[PDB]
């Protein structure tokens, strides 16, 4: 049987992503009804950098599937350094049934997935955050119903992991995705081209614009994220001035549909990419969105384990 991995959002076809999201809704209703890891079987959860959301959602989600998460800070273990990556993956494949890895370069994930004989999941990387976007899609479906044909606009740094994954995962769900970002901060060209091609299959579309007002108008869903990740703090750029016109504020939200909702991958810098009034107001779905990391990641793991 071919071993399935989930490193980027387009690793699932449109029909596959729909199966995962339906399973996420089922598991939210009945959270201990699927026990593929009963035993317990192990799952490795490896961090090159920590995250409250990633830690809590995976460790508890794996336990609720009957399994046992072994949670490792790769800084402490010096992964890749004390032995080859291939040697590590061969031994992991003997102790666990899946590998969940938060790491930086996408090439590292690809390397691990090409040698491991268990599913590899990208918990969060520099280029993609596909588990967050599964949770986002679950949240949108909860509140709006059918995903096909919705209009979603993302604002801020157009080349970070959330911009890339909202493009790929959004068009895989049939959502028309707009990225509003200033010049110099636009999506990676190969990611954009992949999203445009996948959008053809689903009847969705990809738009990239510097006009925040135009991106917000008529939108069903508005999304933003922090303007700067940790690796970019020393990149030499002013990472405030280019982004101020793209702030998700009350004025911008008033341009979207009356029933629009707001999403934000945590953490948030209130006053930069998003204001208190929007973050804490009635259109915000950020806390359900964070909860749904637990359910959507469980669904992904059930689905990958069962097909591998």
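Numbering follows the first chain given and starts at 1. Between two forms, the rigid core is the largest collection of C-alphas that superpose within 1.5 Å.
- Superposing on the core and measuring CA offsets in 8 other deposited structures of this protein, the stretch of 41-49 and 66-74 with the greater mean deviation is 66-74.
- Across the superposed structures in 8 other deposited structures of this protein, aligned by the core, the stretch whose Cα atoms lie more distant on average is 81-89, chosen from 203-211 and 81-89.
- When the other compared entries with both flanking residues are checked, residue 157 is modelled in all of them, not unmodelled in a third.
- Notably, residue 235 is an intermittent gap: at least a third of the other compared entries of this protein, restricted to those modelling both its neighbours, have no coordinates for it.
- With 157-165 and 68-76 compared on mean CA B-factor from the PDB entry, the stretch scoring higher is 68-76.
- Mean C-alpha B-factor is higher over 199-207 than over the other stretch, the pair under comparison being 199-207 and 126-134.
- Within the selection 140, 171, 100, 116, the deposited Cα B-factor values reach their highest point at 116.
- For residue 279, the recorded CA temperature factor ranks within the highest third of the chain's modelled residues.
- Ranked against the other modelled residues of its chain, the C-alpha B-factor of residue 247 as given in the entry falls in the middle third.
- The PDB entry assigns residue 49 a C-alpha temperature factor belonging to the highest third of its chain's modelled residues.
- Annotation for residue 228: C-alpha temperature factor in the middle third relative to the rest of the modelled chain, per the entry.
- The PDB entry assigns residue 259 a C-alpha temperature factor belonging to the highest third of its chain's modelled residues.
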